[PDB]
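First comes one chain, alone, set out as structure tokens in the form deposited in one PDB entry.
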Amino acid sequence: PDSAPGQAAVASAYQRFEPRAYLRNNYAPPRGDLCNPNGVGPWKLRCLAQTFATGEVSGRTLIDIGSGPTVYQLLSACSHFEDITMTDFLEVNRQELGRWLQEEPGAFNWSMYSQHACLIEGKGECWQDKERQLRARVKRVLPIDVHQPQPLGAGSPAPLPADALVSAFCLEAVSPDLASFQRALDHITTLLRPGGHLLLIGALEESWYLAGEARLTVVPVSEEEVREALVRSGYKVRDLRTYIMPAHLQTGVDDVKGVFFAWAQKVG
């Protein structure tokens, strides 16, 4: 009926979100181990690489929805878009990205991820070049709130509508329930042009994860709930695959059961 309470709880909880702990929890080993091809990191990168490798997802502008403190989700993307917008709710995350953009030593090191992306893209690109291009193509880092009908605000800086959207582990991680999730998907969809593409990666059947002091409440979603929401938002689903989280990667940082990858094209 009324979305304010749940959304308020969410915003409250994220005030405690610690980027460094979150990076360590999910992007340092064992989950950040890119050597095991059956690991989640390599699967995520592979979903992205293969999708962009079709040549079917291109344009001038791309918006990454809920970037947090991570850039891996753009490694394969960056060679297909001149203009990239990164976004996040939390200033601290936006500053994390700032540190990487300035190429500071105190910044999180993504070079393994950059290398791995070069590896599976199979074009013999060195990772320093991939990183240099991503840094050059990120044109802005913006506040965002997906619960707003205009997630970027009014008169945003972003080129709208975008040719493509990327969003990894955001919607389910900030929506108290499925209806909120659906509305969030509707909101970000207004930023995408008709015939444009959305690459959505997320947690399956997760109810909580840790980011330092912050223990965050997640709406657990299934593949089928994800498919239906995409259709409900005006997408044709081109691809929807599932990674089942291996027991050895269940580290107590969350109760994630799996990860989904969706390639969807906005009808129009």
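From 1 onward, residues are counted along the sequence shown. C-alpha atoms forming the largest set that superposes within 1.5 Å between two forms make up the rigid core.
The form deposited in another entry is left out here; the points below concern that form.
Of the residues checked (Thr51, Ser233, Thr61, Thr217), the rigid-core alignment between this form and the one not shown shows a Cα shift of at least 2 Å for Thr217 alone.
After superposition on the rigid core, the Cα of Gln15 moves by less than 2 Å between this form and the one not shown. With the core held fixed, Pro37 shows a CA shift below 2 Å between this form and the one not shown. Once both forms are fitted on their core, the CA shift for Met245 between this form and the one not shown remains under 2 Å.
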